[PDB]
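Some notes on the structure that comes next.
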Amino acid sequence: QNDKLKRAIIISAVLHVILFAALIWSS
Amino acid sequence: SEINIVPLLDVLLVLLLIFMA
Amino acid sequence: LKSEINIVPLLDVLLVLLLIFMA
Amino acid sequence: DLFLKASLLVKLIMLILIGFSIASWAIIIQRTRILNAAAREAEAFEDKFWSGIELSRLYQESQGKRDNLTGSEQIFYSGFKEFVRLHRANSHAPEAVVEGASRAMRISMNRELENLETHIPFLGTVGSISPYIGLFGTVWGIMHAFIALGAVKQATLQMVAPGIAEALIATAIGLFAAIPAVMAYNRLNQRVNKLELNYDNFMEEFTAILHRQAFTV
Amino acid sequence: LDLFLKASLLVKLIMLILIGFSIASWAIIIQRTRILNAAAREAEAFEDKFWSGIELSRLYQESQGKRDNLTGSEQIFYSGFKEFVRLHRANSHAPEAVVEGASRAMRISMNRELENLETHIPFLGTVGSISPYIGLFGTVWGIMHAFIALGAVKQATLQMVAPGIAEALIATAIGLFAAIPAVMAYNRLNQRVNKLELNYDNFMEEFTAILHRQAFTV
Amino acid sequence: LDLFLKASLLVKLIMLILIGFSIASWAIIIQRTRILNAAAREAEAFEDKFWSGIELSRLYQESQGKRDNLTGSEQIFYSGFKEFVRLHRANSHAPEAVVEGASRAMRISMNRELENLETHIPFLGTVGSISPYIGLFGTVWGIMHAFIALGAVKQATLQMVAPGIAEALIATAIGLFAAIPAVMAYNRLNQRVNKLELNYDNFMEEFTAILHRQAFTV
Amino acid sequence: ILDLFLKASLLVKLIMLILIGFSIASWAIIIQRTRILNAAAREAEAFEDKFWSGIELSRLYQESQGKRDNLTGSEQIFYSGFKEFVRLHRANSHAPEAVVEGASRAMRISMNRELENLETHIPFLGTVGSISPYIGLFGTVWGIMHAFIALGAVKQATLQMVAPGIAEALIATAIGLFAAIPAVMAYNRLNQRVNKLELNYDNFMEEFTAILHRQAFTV
Amino acid sequence: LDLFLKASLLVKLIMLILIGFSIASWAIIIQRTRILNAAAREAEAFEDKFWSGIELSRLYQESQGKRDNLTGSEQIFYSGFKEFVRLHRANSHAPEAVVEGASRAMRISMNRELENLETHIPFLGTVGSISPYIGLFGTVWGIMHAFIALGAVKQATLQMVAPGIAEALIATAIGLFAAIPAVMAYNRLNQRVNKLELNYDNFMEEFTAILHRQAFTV
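Chains as they are written, first to last, in the entry's author numbering: chain H, 7 to 33; chain F, 14 to 34; chain G, 12 to 34; chain B, 8 to 224; chain A, 7 to 224; chain C, 7 to 224; chain D, 6 to 224; chain E, 7 to 224.
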């Protein structure tokens with residue numbers, strides 16, 4: 007299920023990028 | 014079961030800025 | 012087989028920094 | 008009083024830490040009430056057991072009170088159901104019925120344990136996380152203090168200390184919330200483990216008696 | 007502030023690799039918790055049917071259509087019953103070897119199943135045991151580089167080196183914080199895998215008894 | 007003393023709490039260490055003596071003579087035997103239920119004995135797992151008090167607030183000093199109690215077979 | 006140059022004494038434990054090899070009666086399990102289950118004695134390795150506060166009445182770390198070796214009770 | 007190594023021991039990955055060969071000449087068959103007891119093979135656990151040497167210690183840089199060693215099972 011792993015990685019990346027954008031947002 | 018002292022870390026940080034200021 | 016983080020090396024470097032900034 | 012002028016991220020950190028403390032206290036009260044009630048019920052049922060009454064009469068008595076039944080009584084009641092559900096349908100080996108009853112009782116014990124303790128792992132998670140959330144919060148305040156320092160240069164000896172205090176109060180609240188959680192996590196887990204041992208003993212005794220006497224009836 | 011261009015090349019590389027490690031740990035966390043939840047949900051959902059009352063031979067007949075799609079408990083049942091039937095048919099004279107063969111098949115199938123289930127878990131424990139260390143290497147590099155830089159100026163001014171020292175601290179701000187979810191998820195998911203292992207062990211304890219009682223009646 | 011008795015009623019109160027915790031821990035140390043050593047010696051002596059070719063009835067009547075002083079392994083023997091004979095008085099449980107009646111009698115008594123052994127052991131665990139946190143609450147509250155005062159006064163380049171941080175850090179020092187022996191105890195004594203529990207559970211499992219054989223021959 | 010004990014406080018003198026004693030005790034435990042562990046492993050493997058070398062059990066028991074006091078390792082387990090087994094067999098014990106269960110119990114007791122004898126001072130090694138850099142931290146915090154109180158008395162540090170606190174802290178952390186080094190170095194190694202020995206003894210019991218069951222049920 | 011050209015009385019051995027540790031760890035990891043991959047491939051090849059139609063005697067006599075160069079599960083098969091034959095041909099005791107001897111021989115050969123494979127893994131784990139402590143001992147010793155080396159009591163011109171602090175911190179930097187790869191490699195190799203152990207016990211159990219059937223006849 008490498009496709010599932012890639013999808014999970016993409017989802018986690020989407021969470022982290024918006025996380026970090028909010029960090030700068032609030033700075 | 015084990016001495017957890019990680020919050021002490023915070024105090025340590027607070028103690029550097031008193032000197033270089 | 013490691014399920015524990017080490018805080019002694021993390022604390023000791025800033026501790027040495029504290030003694031350095033004391034003088 | 009200070010939860011109005013800090014940074015938005017520090018505001019959120021303080022909010023989640025306060026919510027963690029409130030949830031920890033509510034969970035503590037709820038769990039230390041329900042566990043005491045369950046222990047009292049288990050002791051009462053143990054006293055009622057081995058009273059010289061045949062198991063059939065005990066099951067008949069428990070039949071009337073079904074929806075509002077919990078504790079070790081359920082481990083009896085549901086188990087007996089299995090023991091009869093494979094007896095009326097006489098299509099099983101003589102040793103099969105006892106194994107099926109044991110499986111049903113084990114499932115009942117697992118369900119009872121899951122229902123009895125619910126938020127204990129959450130208590131452990133907050134006890135393990137709260138200092139680190141406090142560290143993130145105070146690190147952010149400290150970095151903002153340096154950012155403010157970078158604007159003007161006069162050695163900033165006097166006007167930084169309020170920032171340091173407003174950053175370190177996050178760690179203060181974090182460890183204040185962490186204290187009761189880690190104080191009571193073991194205190195409740197040991198009681199839950201004692202209840203688990205009690206139920207396991209009851210299941211073992213039930214399986215022992217079923218093999219020899221109750222199988223005939 | 008970004009504090010990346012100002013940071014040295016090694017420090018920036020440290021931030022990048024640690025961000026990647028956190029991304030990988032979170033992705034593995036999501037995948038593994040989803041898969042473990044699915045397996046746990048299917049466990050009892052198959053066990054009840056196995057013990058509902060339907061005939062074992064009839065249930066096996068229902069199987070064999072999902073040859074490669076079988077999950078944990080279903081695949082364990084399939085392998086065990088197939089091995090037992092094969093031994094009994096080929097030999098038809100084994101006094102007690104059939105149960106031993108079924109137990110061996112069950113054990114190897116279980117071991118393969120869990121080794122597939124916790125396929126990525128022993129990476130979380132390997133990032134929780136180095137993330138503090140790589141962060142501490144980063145901050146030590148920052149501190150020593152800053153002190154080396156303060157070797158030519160006059161009056162030994164310390165506040166002038168305020169950013170670099172602070173940057174070193176930020177090395178552990180994106181440091182240890184990449185380790186805590188890793189270690190906690192490692193512990194919790196290992197606990198779940200252990201409970202599943204105990205469940206499968208009880209499954210074997212029941213199944214071997216079933217064959218022990220069935221061998222003398224066939 | 008003078009530094010301790012200098013304002014900061016919260017610091018005084020929290021330090022007093024830590025001192026109380028420390029003295030309670032140091033009392034519990036010896037309290038549960040002497041009893042643990044005595045129980046271990048009793049268990050070893052009874053393990054050596056019980057199977058030393060002595061008829062069971064002689065040991066039973068010796069215990070009856072030595073009654074109202076029993077402690078340790080003998081209890082889980084005696085509390086069983088009194089039941090086994092009591093059930094074994096004819097017109098009673100048949101000779102396959104008396105074994106588990108006796109086992110219940112042994113096991114309830116053993117659990118009570120273990121609880122009597124493990125009185126204050128689950129207090130050292132919660133005195134060493136929060137004493138550092140309590141001391142750090144003291145020190146951070148003290149630093150907060152010492153820093154708000156610096157927001158109003160001018161200059162005072164660490165020549166007026168230093169005793170504030172000193173009085174803050176003394177709380178952390180006392181907390182660590184109170185917490186160290188607590189975790190030492192909660193490791194060592196807990197391992198010893200676990201060993202004793204395993205040994206008692208093992209003695210019960212053997213005495214159950216012994217009673218099986220006795221009932222078969224009686 | 007090492008004369009910091011006199012130029013230091015009483016409490017920090019006490020904690021340095023505690024930590025140096027802990028380090029020397031850990032090193033002595035290492036020296037006195039590794040040799041006995043190696044000797045026990047060698048004796049266990051030698052006796053296991055001799056057991057399977059086509060020798061009848063009675064001859065081995067007779068030869069092993071011998072030195073009945075300074076007897077350890079798997080040979081002690083064998084002797085303890087065989088003497089009581091033959092005593093029970095001669096003392097009626099018509100039920101084979103009784104005698105084989107007694108033999109298993111004897112194997113149990115002998116291992117639980119010998120292994121516990123082997124595993125001495127090892128939990129102490131683990132404890133010191135885990136806890137030394139918190140006694141060190143306590144001493145260091147004491148030094149830091151003793152420096153801060155001195156600093157908060159004049160308009161300048163002067164580098165004379167503050168240096169003692171720096172030395173206190175540095176010596177405390179260094180001594181705690183030096184004490185923690187060998188303990189964390191060797192605790193896991195020795196525990197793994199002891200666990201391997203435990204597995205060896207358990208498998209020896211399994212084989213011996215299998216043989217004893219076969220012999221008892223043969224006649 | 008511009009900083010490392012003078013060292014100190016004790017700091018000379020420090021960070022040189024750590025450089026040696028890092029070099030040894032690198033050599034150990036590369037050699038261990040190579041030999042582990044070779045052993046896994048050989049084990050798979052032997053599994054394929056042995057699960058074919060070749061009988062036990064043919065495979066046994068095929069590897070007669072290899073002797074010292076025989077590594078992997080083939081050594082286990084050779085030792086087991088040799089031990090079993092030595093008892094069967096020299097018929098001394100019951101036919102259900104020689105199989106115990108064959109199993110014992112196979113198990114000791116397996117333990118020897120595992121010990122040979124896992125040769126320097128404990129060293130890697132040890133250095134991973136150990137290195138940061140020598141690093142920090144070195145840097146604190148360097149700080150002490152720099153401070154005590156201050157000639158004048160005051161020495162208001164303090165703009166010379168920075169090279170000393172950099173040299174002191176180099177010790178911890180090198181120690182931790184040696185720690186990280188060892189800590190990762192320890193788990194990365196222990197996982198594969200556990201896998202090899204498991205698939206070795208699988209083969210041992212299967213071989214014992216097949217030889218049990220012919221033990222009572224052949």
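Just so it is clear, CB atoms sit at the ideal spot from N, CA and C, and this is done for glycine as well.
Three-state secondary structure (DSSP) of residue i
i	result
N97(D)	coil
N75(A)	coil
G59(A)	coil
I154(D)	helix
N43(D)	helix
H218(B)	helix
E15(F)	coil
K18(B)	helix
residue 248(C)	Absent from the model: residue 248(C). The displayed extent of chain C is 7 to 224, so no value can be given.
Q7(H)	coil
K160(D)	coil
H126(E)	coil
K12(A)	coil
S69(E)	coil
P169(A)	helix
Contact list for residue i against chain E, beta-carbon separation under 7 Å
i	result
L30(G)	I149
Buried versus exposed, by CB contacts within 10 Å (16 or more), residue i
i	result
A162(C)	exposed
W57(B)	exposed
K72(B)	exposed
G134(C)	buried
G59(A)	exposed
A44(A)	exposed
Contacts of residue i in chain A (Cβ-Cβ under 8 Å)
i	result
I17(H)	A33 and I36
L25(H)	Correct list: empty, because the minimum Cβ distance to chain A is about 10 Å.
Below-8 Å beta-carbon distance, residue i vs any chain C residue
i	result
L21(F)	yes
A103(D)	yes
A215(B)	yes
Chain-ordered neighbours of residue i on chain A, where CB pairs are closer than 7 Å
i	result
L25(F)	Within 7 Å Cβ-Cβ: nothing; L25(F) doesn't reach chain A, min ~10 Å.
Closer than 7 Å at the beta carbon, the chain B residues around residue i
i	result
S137(C)	Ordered by position in chain B, no residue passes the 7 Å Cβ test against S137(C), which lies about 10 Å from the chain.
Chain B contact residues for residue i, given Cβ-Cβ distances below 8 Å
i	result
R219(A)	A100, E102 and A103
Below-8 Å beta-carbon distance, residue i vs any chain A residue
i	result
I154(B)	yes
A14(H)	yes
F90(B)	no
Closer than 9 Å at the beta carbon, the chain C residues around residue i
i	result
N193(B)	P128, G131, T132 and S135
Contact with chain E by residue i, beta-carbon distance below 8 Å
i	result
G59(D)	yes
Per-residue contacts from residue i into chain G (C-beta, under 8 Å)
i	result
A174(D)	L26 and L30
Min CB distance residue i to chain D below 8 Å
i	result
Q197(C)	yes
Within chain A, the residues that residue i reaches when beta carbons sit closer than 9 Å
i	result
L11(H)	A33, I34, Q37 and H126
Contacts of residue i in chain G (Cβ-Cβ under 9 Å)
i	result
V146(A)	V24
Test: residue i CB closer than 8 Å to a CB of chain F
i	result
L9(B)	no
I140(B)	no
With 8 Å as the C-beta to C-beta threshold (strictly closer), list the residues of the stretch 15-26 of chain B near chain A in chain order. Cβ contacts with chain A come from no residue of the stretch 15-26 of chain B.
Near-chain D residues of the stretch 102-127 of chain E - C-beta to any C-beta below 8 Å: Against chain D - using a Cβ distance shorter than 8 Å - the residues of the stretch 102-127 of chain E are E102, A103, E106, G107, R110 and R113.
Near-chain C residues of the stretch 176-191 of chain B - C-beta to any C-beta below 7 Å: Along the stretch 176-191 of chain B, going in chain order, the ones with a CB nearer than 7 Å to a CB of chain C are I176, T178, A179, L182, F183, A185, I186, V189 and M190.
Using a Cβ-Cβ cutoff of 7 Å, what residues of the stretch 154-169 of chain E are near chain D? List them in chain order. For the stretch 154-169 of chain E, the residues whose beta carbon sits under 7 Å from a beta carbon of chain D are, in order, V159 and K160.
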